[PDB]
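Single-letter residue listing:
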Amino acid sequence: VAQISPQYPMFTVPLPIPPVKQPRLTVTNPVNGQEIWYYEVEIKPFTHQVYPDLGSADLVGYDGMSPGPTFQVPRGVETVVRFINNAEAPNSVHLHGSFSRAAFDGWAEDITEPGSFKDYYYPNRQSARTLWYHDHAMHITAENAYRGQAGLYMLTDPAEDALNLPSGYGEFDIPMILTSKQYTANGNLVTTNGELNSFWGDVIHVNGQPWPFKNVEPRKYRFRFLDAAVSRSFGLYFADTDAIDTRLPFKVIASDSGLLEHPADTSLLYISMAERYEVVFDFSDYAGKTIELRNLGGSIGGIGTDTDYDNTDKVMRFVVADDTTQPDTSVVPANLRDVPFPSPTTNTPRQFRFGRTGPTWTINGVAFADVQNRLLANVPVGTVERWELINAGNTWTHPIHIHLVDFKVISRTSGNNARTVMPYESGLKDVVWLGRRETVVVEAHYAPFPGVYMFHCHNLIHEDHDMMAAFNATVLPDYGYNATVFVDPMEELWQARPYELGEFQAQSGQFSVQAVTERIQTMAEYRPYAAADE
Ligand SMILES: *[C@@H]1O[C@H](CO)[C@@H](O[C@@H]2O[C@H](CO)[C@@H](O[C@@H]3O[C@H](CO)[C@@H](O)[C@H](O[C@H]4O[C@H](CO)[C@@H](O)[C@H](O)[C@@H]4O)[C@@H]3O)[C@H](O)[C@H]2NC(C)=O)[C@H](O)[C@H]1NC(C)=O
Ligand SMILES: *[C@@H]1O[C@H](CO)[C@@H](O[C@@H]2O[C@H](CO)[C@@H](O)[C@H](O)[C@H]2NC(C)=O)[C@H](O)[C@H]1NC(C)=O
Ligand SMILES: [Cu+2]
Ligand SMILES: [Cu+2]
Ligand SMILES: [Cu+2]
Ligand SMILES: [Cu+2]
């Protein structure tokens, strides 16, 4: 249907690459003698001229940019990130794809008010994967993500580096953060505030830029796709501009949780909110061509309900040179890794229905605001469970996400007989798309940390109103590991703390080297991640 946002100069601005975030300090962990990387991120308002010939857009971002800066962290290095709110609304940071302790996971009520900060302690022990960090503040997650609070966090492993996949952040390893927004006639953002169904957006962005282009060489590139949109799901394909309907083959190498067992030969990639898929595209057969990255219409080929607009079939263009300046020394091995699947279980799947209760998006008829009723599952730590995720609706779709865990997709049924499990769903994931009338069974090891964790739809409008609940990964009282201080996301020890802006700007007082060092060493003594050792 007709674009609402102003006409945009399509494919004229280069694809921006978010800069890599550098830690301020390293602190010796007195428990293990290892260095903890300490980072400071300032959440603040800024403006950005998205439309060349109109006014600016008002944004609020990590370090006053959108997307947020990219973290690049090796497995085995613990990090602490001081997320400092210097904005106008509260925040809660979640590292999506990290088995963080409950009080470092971005529990929706575990907020930082403007003029406060929270220290988040991350383990960085899981399989190499594309994580992302984004806002999770109760009721305002959609608008906080939409106005710019999302960034990438790449967990690296030299074992993955030895596969010789296309490499170098911003060279042949390219972040592809997809959003879908709407703009006013003067080039400001249309707010998601007041939307209670879905905010589709009519302007497609990659790394914060509407409809960009990139100059590429005729060789293989790693693309790290993330759907960071509020409500738009995508069916991605690549096409020569000389045959814009003919899909070109590519390989999917990784899902949310890390590498597939084998690359999946693909010409169409379904990706819904919060899904990461890493793709290798080989431009070598397309020297001197223009390859358009496009998006399936028809509400993602009858799987979704998303509105299509005039230009939401277009994502970006790749202008391919006639030859490479350096040899392509990259490869996509037929065997990528042994995926660490959980044990199969014979236990009766739990059932969760994602539907509506009057006007509210609910799980089993419950809204996250309803403290009394929102704790829908108690699961002993170390248990494997199958969850049957049911979308009985034909007029909504729900990408479902479970915190803490990686899961295997066991089965999909479609009441429209549309599809089953996709080949790129063969590995481990943490989001799965319930298309129209879809039921998906996932199987997950509820390990290794006890605590209260969220699961929800990652359509942020649904999530905000109010399609989110909690599970408690439980332990017996003789279980050690300081569990009494790490099970409760609201534990006073880990709460946000007020700061003076001068202190921050001068790196004095509680931002002195002494104060940060004492704080992180005290945190480290509690040994939050010890139960994941080996
Ligand atoms: C999510 O799961 C966690 C467990 O993984 C759970 O935390 C547990 O809460 C229980 C119950 O509150 C705690 O056990 C209590 O400990 C205190 C202090 O030592 C005791 O006073 C309590 O004794 C009561 O129960 C006794 C019966 O055995 C009675 O004799 C007595 O009258 C008391 O009423 C009780 O044992 C336990 O320490 C925690 N466990 C951990 C590891 O923190 C948490 O509550 C769950 N979250 C939610 C929201 O459900
Ligand atoms: C649980 O957390 C406590 C508190 O940080 C840890 O105890 C500290 O350990 C070091 C080394 O023995 C001492 O120097 C500190 O004084 C301790 N503080 C207190 C008051 O005990 C404890 O080691 C942690 N336990 C586990 C199992 O991780
Ligand atoms: Cu998320
Ligand atoms: Cu998450
Ligand atoms: Cu939903
Ligand atoms: Cu979440």
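Quick notes on the rules
- Residues numbered from 1 in each chain as written, not as in the entry; some residues may be left out.
- Chains lettered and ligands numbered in written order.
- Heavy atoms only, no water.
- Residues with missing side-chain atoms left out of burial classes, pairs and counts.
- UniProt positions renumbered as here; feature names shortened; annotations may be inferred.
- Helix = DSSP H or I, 4+ residues; strand = E, 2+ residues; numbered from the N terminus.
- Rg over C-alpha atoms; globule rule 2.2 N^0.38 Å.
- Contact = heavy atoms within 4.5 Å.
- Pairing = 2+ DSSP bridges.
- Axes fitted to C-alpha atoms, helices over the stretch in contact; angles between N-to-C directions.
- Donors = N, O, S within 2.8 Å, 3.2 Å for Na, K, Ca; no water.
- Buried < 20%, exposed > 50% of the residue type's maximum accessible area, 1.4 Å probe, protein only.
- Near = heavy atom within 4 Å.
- Polar contact = N/O pair within 3.5 Å; in protein donor to acceptor, adjacent residues only side chain to side chain.
- Domains from an automatic or database assignment.
- Core = buried A, V, L, I, M, F, W, Y, C linked by side-chain atoms within 4.5 Å.

The name that the PDB entry assigns to the protein chain is Bilirubin oxidase, with the source organism given as Albifimbria verrucaria. Check the Function section of the UniProt entry for the protein chain; it says "Oxidation of bilirubin and other tetrapyrroles." What UniProt states about the protein chain under its Catalytic activity heading is, verbatim, "2 (4Z,15Z)-bilirubin IXalpha + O2 = 2 biliverdin IXalpha + 2 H2O".

Points about the overall build of the protein chain
Helix and strand counts for the protein chain come out as 8 helices and 32 strands. For 534 residues, the compact-globule formula gives about 24 Å, and the C-alpha radius of gyration of the protein chain, at 22 Å, lands near that figure. Once the C-alpha set of the protein chain is aligned to its principal axes, its extents read approximately 65 × 55 × 50 Å. Restricting to contacts in the protein chain with at least 6 residues of sequence separation, those with at least 24 account for 78%.

Some words on the sheet that holds strand β8 (residues 129–135)
The strand order across the open sheet built from 4 strands is β4-β9-β8-β6, with neighbouring strands paired in mixed fashion. Each edge of the open sheet carries a strand with a single partner, namely β4 (71–74) and β6 (93–96). The sheet shows a mean angle of 25° between the axes of neighbouring strands, taken without regard to direction. Two strands pair when backbone bridges link them, and β4 and strand β9 (residues 150–156) are joined in this way by 4 bridges, in the parallel orientation. Note on β9: the bridge partner recorded for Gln 72 is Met 154.

What to know about unusual backbone geometry
Between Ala 447 and the following residue, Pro 448, the backbone shows a cis peptide bond with an omega angle of 0°. Relative to the elements of secondary structure, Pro 448 occurs in the loop between β29 (438–445) and β30 (451–457). Omega for the peptide link from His 465 to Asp 466 comes to 10°, which places this bond in the cis form. Tracing the sequence through the fold places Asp 466 in the loop between α5 (460–464) and β31 (468–474). For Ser 299, which is not a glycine, the phi torsion comes out positive at approximately 55°.

Comments concerning the coordination of the copper ion (ligand 5)
The copper ion (ligand 5) binds to the protein through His 398 (ND1), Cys 457 (SG) and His 462 (ND1), with metal-donor distances spanning 2.0 to 2.2 Å. Considered as a linear motif, the donors of the copper ion (ligand 5) on their single chain read H-x58-C-x4-H. By the burial criterion, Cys 457 is buried, and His 462 matches it.

Some thoughts on the site of ligand 1
Surrounding ligand 1, one finds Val 452, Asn 472, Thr 474, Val 475, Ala 483, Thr 484 and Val 487. Contacts to ligand 1 include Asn 472, whose side-chain N or O atom sits 2.3 Å from an oxygen atom. Here an oxygen atom of ligand 1 sits 3.0 Å away from a polar atom, N or O, in the main chain of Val 475. Within the residue set of the shell around ligand 1, elements represented by two or more residues are β31 and α6 (483–486). Taken together, domain 1 (25–157 + 480–532) and domain 3 (350–474) each give at least three residues to the shell around ligand 1, which thus spans both.

Thoughts on the nonpolar core
Counting residues in each nonpolar core, the largest one holds 70 residues, and the members touching the most others are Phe 83, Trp 387, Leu 389, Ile 402 and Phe 471. Examining the composition of this core, we find that 5 residues originate from one element, strand β2 (residues 35–48), more than from any other. Mapped onto the domain boundaries, this core takes at least three residues apiece from domain 1 (25–157 + 480–532) and domain 3 (350–474). Counting 59 residues, the second largest nonpolar core, distinct from the first, contains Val 50, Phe 281, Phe 283 and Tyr 286.

So, the coordination of the copper ion (ligand 4)
At the metal site, the copper ion (ligand 4) is ligated by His 94 (NE2) and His 401 (NE2), and these contacts range over 1.9 Å. Taken as a pair, the copper ion (ligand 4) and the copper ion (ligand 3) show a spacing of 4.0 Å. In this pair, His 94 sits in strand β6 while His 401 sits in strand β26 (residues 398–402), placing the two residues 307 residues apart along the sequence.

Details of the site of ligand 2
Close contacts around ligand 2 come from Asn 482, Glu 525, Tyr 526 and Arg 527, and that covers them all. Here an oxygen atom of ligand 2 sits 2.4 Å away from a polar atom, N or O, in the side chain of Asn 482. The separation between an oxygen atom of ligand 2 and a polar main-chain atom of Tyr 526 is 3.3 Å.

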